[PDB]
DNA sequence: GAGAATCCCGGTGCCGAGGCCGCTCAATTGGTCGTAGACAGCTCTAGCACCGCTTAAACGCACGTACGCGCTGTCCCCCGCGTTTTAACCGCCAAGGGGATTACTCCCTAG
DNA sequence: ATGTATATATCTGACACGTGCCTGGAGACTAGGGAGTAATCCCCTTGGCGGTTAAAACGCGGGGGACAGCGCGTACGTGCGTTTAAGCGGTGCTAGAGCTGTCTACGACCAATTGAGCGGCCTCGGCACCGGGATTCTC
């Protein structure tokens, strides 16, 4: 009977509707816009959860450390442009050494 | 009769009150906030207009060009760090020649 | 085709108003490349702006709010 | 002695995390001064958020908003 | 106690749905909680300004559709507008 | 009516520089400028209203916001002029 | 009479003194026309729009050439090379 | 004295792990004192101080990556304060 | 010592920047009430400070070798300039396709 | 003489499931005004004329600037002796963070009104443009 189950989606649609009502964005809100928000949110976390999963099995660890999502987010240019300006706590540096800086 | 003349300001209270009312910033708004924003705007265009008059008096011009307002923003470093992200149309840049480029 | 419209003396004038004294020949194609990708990004904003409003013209308000979108806004044509 | 509280080998580890092979000896005071004015610019916004919140101490979310302010958003 | 609002269980069991044998830590829940309300306020603002630029006084699927077609660099928008349209058609089907 | 701010800063300019004029292109430039600062400070007023759950915006919140985004001595002069403006409001 | 260079100094002084556009309008609106017709079909345009992107393009050109000037000064060179503008776009975050 | 091998292992050993470099108590008084500039005896917070620690570490590693890239541009590995001034001026400040 | 190349002083339409009336919405004033900000008062989390053992990290002196730097010979590729020539730009003329707005309406989103 | 190999046996240690609960999302009912459509007027810009003209393309003489190359010294890397004051962790104290209660006055809402800023029209002088003479780096 929940509207998220009626939409066939997993991310909640009443929660984002509640946050949209008192979030002071618009005085009138349509019905399909929170569904569209939940859809694009589910797609974004589905994509980086696939990325964190393949980083986790690349390092062979059952638990995704945030460092796994650092080298998951630095391995694609779309999120290198979407999350390039961001600053991450406990992120480290990806392995990148110039060829000229290496000896011989 | 006007609230700007009642508070001694020049920018109107009702117009900026309608601006902060229909612009969905807050459902409940204040009354000292529009007169105080009018005061802050009065100070801002006072500093801008005095800098523009200083940039126009030394160039011996009765009118203020976009070159004069460009000289008004790009000279004082406080306002230059305030609004340095915004470019000026038909403003140009100040004459800056580095010390290396000077022929000796 | 039509990318040489910003030809060599135009880039020379841009360099002279930019402050660079000496110009090599490889500067011109790189500068028009970054110009044709920067204006491509602005027009990429403007196409979604126009198709949002069901409006088939591009005004000065379109490019001014687009420059507001990439954080390089400009005064003179609305705020 | 707040300037020399931060150690030179800590700046060495920061340089080796940045990818610096050879580093000079006059870089430490200038790097410390740039870091001092950067943290002062951050803590100015942080302390105005503490006076916003009717609190006499600092918390998490004021530093969070102060990091979201100037475009180095904290994660 | 206080009723804290967090979508950690939602991300936790889409992780369990797509990766049935993978674990996670609490710092990770905090870190993509920061992700999803970062993008939630970012794209909620974007659409807001846009619709106000359009001078419209509401937020239906159209404004957020052009906002998510415009905002993020690529690829994820190409799947995202398709899957969002498919989501709103299963909503209107129900 | 099509709202603008022409006669306002014309009166302000006659107050500060009574023998100086300005052009219409520059008038549009300062129109874009006043719209920019108004939208910036109104967005800041909304977000630091939203930070501490306060549904009402008063003078002290956006006072701290102009202490925030403006640098030092301009913020001092702005807050002094703003405080005297609201006290000559509330005196009357 | 014949100099290695002094006309360039007078030219940069006059161009920093002046504020007029140095980019011709017809090739500019021709190239944005080609980009717009490459993206979509049958678009309309305004004149204030194309002088607005003219102002944006000249401001971005002024900023990028100031960037390459400072990078060439710190590189102890007078002639400019595309390595400086490549490092300028890499440092500023325009490409990465 | 073996030159370069120990430095290469050093570069790999803090480009592989994610350890903290700045000590917590020096930086503590540092920011505490920068805080006193605005609020004295400012009761502080552990989340606040590791927020400043990670923000300062990220800014330091970004500025130092900028510095060594523009030094490798300048055909010289070593670092001068004019390189830091160039990186600060070009990057926006 | 000469010469292109500047700055400076004087005439000339002009056409784009100041007033002014008409007046139409928009800021101003007054009444009403229901809720949110502010103050008082309340319970405990957590920040501050100090003591003491452990010890790995930090300072300091000694030296050694590649690398920053100083100088040099060299192509050679950009820079000033004469000669076509080729597209830019100004003045203008008509179309017609698209932007604004009036005007009812109904449904779907506020409550 | 000693590692070790491969199974014990205890034995903690960090992690996922089975009960309460409360509160906010969903079902149902009422309203009104915000998009929806579309027609019509008007306005501007996209083509198309054509002259003419500053300015780009092209080729050629020449001169300092960039290229690799070689030597001089010294500065950071490496190492061991000697601190030291970071880290753990422990305890004691109390400010202040945070939640609840209650009040009341600033402020949203509504109806009438007056007034002042938008605009078409009108008028005129500041500045660019042109012409010719003084003046200053440069060869």
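Residue numbers (the numbering used here), protein chains in the order written: chain A, 1089 to 1192; chain Z, 1089 to 1192; chain H, 296 to 374; chain V, 364 to 438; chain D, -14 to 79; chain R, -10 to 81; chain W, 268 to 363; chain S, 208 to 300. Backbone N, C-alpha and C fix where the C-beta goes; we use that ideal spot for every residue, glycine too.
Distance between residue j and residue i (C-alpha atoms, nearest Å)
i: residue 1092 of chain Z; j: residue 1121 of chain Z; result: 13 Å
i: residue 294 of chain S; j: residue 349 of chain W; result: 18 Å
i: residue 404 of chain V; j: residue 421 of chain V; result: 16 Å
i: residue 74 of chain R; j: residue 60 of chain R; result: 21 Å
i: residue 370 of chain V; j: residue 232 of chain S; result: 11 Å
i: residue 8 of chain D; j: residue 337 of chain W; result: 50 Å
i: residue 20 of chain R; j: residue 1173 of chain Z; result: 17 Å
i: residue 1188 of chain Z; j: residue 290 of chain S; result: 17 Å
i: residue 76 of chain R; j: residue 39 of chain R; result: 27 Å
i: residue 374 of chain H; j: residue 360 of chain H; result: 8 Å
i: residue 41 of chain D; j: residue 380 of chain V; result: 50 Å
i: residue 35 of chain R; j: residue 25 of chain R; result: 15 Å
i: residue 25 of chain D; j: residue 61 of chain D; result: 16 Å
i: residue 308 of chain H; j: residue 321 of chain W; result: 14 Å
i: residue 1114 of chain A; j: residue 43 of chain D; result: 6 Å
i: residue 439 of chain V; j: residue 215 of chain S; result: Residue coverage of chain V in this structure runs from 364 to 438, which leaves residue 439 of chain V outside it and unanswerable.
Cβ-based neighbour list, residue i, same chain, cut-off 7 Å, excluding 5 preceding and 5 following
i: residue 273 of chain W; result: none
i: residue -5 of chain R; result: 16
i: residue -2 of chain R; result: 19
i: residue 395 of chain V; result: 366 and 369
Residue-level contact to chain A via CB, residue i, 9 Å cutoff
i: residue 215 of chain S; result: yes
i: residue 1114 of chain Z; result: yes
i: residue 279 of chain S; result: yes
i: residue 87 of chain D; result: This structure leaves residue 87 of chain D out entirely; chain D is present only between -14 and 79.
i: residue 80 of chain D; result: What is shown of chain D runs -14 to 79, which leaves residue 80 of chain D out entirely.
i: residue -13 of chain D; result: no
Close Cβ partners of residue i (< 8 Å) along its chain, the five nearest in sequence each way excluded
i: residue 1125 of chain Z; result: 1104 and 1108
i: residue 330 of chain V; result: The question about residue 330 of chain V has no answer here: the residues shown for chain V are numbered 364 through 438.
i: residue 51 of chain D; result: 35
i: residue 362 of chain W; result: 356
Nearest candidate by alpha-carbon position, reference residue i, set the options
i: residue 327 of chain W; options: H:331, H:297, H:304 and H:299; result: H:331
i: residue 1161 of chain A; options: A:1171, A:1192 and A:1114; result: A:1171
i: residue 1184 of chain Z; options: W:270, W:282, W:301 and W:271; result: W:282
i: residue 309 of chain S; options: A:1155, A:1186, A:1190 and A:1168; result: An answer regarding residue 309 of chain S cannot be provided, because it is not within the stretch 208 to 300 covered by chain S.
i: residue 1138 of chain Z; options: Z:1148, Z:1123 and Z:1157; result: Z:1157
i: residue 323 of chain H; options: H:359, H:357, H:306 and H:314; result: H:306
i: residue 14 of chain R; options: W:329, W:318, W:300 and W:353; result: W:318
i: residue 236 of chain S; options: S:224, S:253 and S:223; result: S:253
beta-carbon residue i near the ligand FAD non-hydrogen atom, thresh 8 Å
i: residue 25 of chain R; result: What this structure holds is no ligand at all, so the ligand FAD is not there to describe.
Chain D within 9 Å of residue i, Cβ atoms only
i: residue 335 of chain H; result: no
i: residue 422 of chain V; result: no
i: residue 344 of chain H; result: yes
Contact with chain H by residue i, beta-carbon distance below 9 Å
i: residue 359 of chain W; result: no
i: residue 354 of chain W; result: no
is_contact[residue i, chain W] using C-beta, thresh 9 Å
i: residue 244 of chain S; result: no
i: residue 339 of chain H; result: yes
i: residue 289 of chain S; result: yes
i: residue 267 of chain S; result: no
Cβ distance (whole Å) where residue i is taken to contact residue j below 8 Å
i: residue 297 of chain S; j: residue 358 of chain W; result: 6 Å
i: residue 250 of chain S; j: residue 417 of chain V; result: That belief does not hold up - the Cβ atoms of residue 250 of chain S and residue 417 of chain V are roughly 14 Å apart, past 8 Å.
Residue-level contact to chain R via CB, residue i, 9 Å cutoff
i: residue 1162 of chain Z; result: no
i: residue 432 of chain V; result: yes
i: residue 1167 of chain Z; result: yes
Min CB distance residue i to chain V below 9 Å
i: residue 1111 of chain A; result: no
i: residue 1137 of chain A; result: no
i: residue 305 of chain S; result: Summary: the structure shown does not reach residue 305 of chain S, with chain S confined to residues 208 through 300, and so no result is reported for it.
Contact set for residue i: own chain, Cβ-Cβ below 6 Å, skip 5 residues either direction
i: residue 1152 of chain A; result: 1140 and 1144
i: residue 1047 of chain Z; result: Since the displayed chain Z opens at 1089 and closes at 1192, residue 1047 of chain Z lies outside it and no answer follows.
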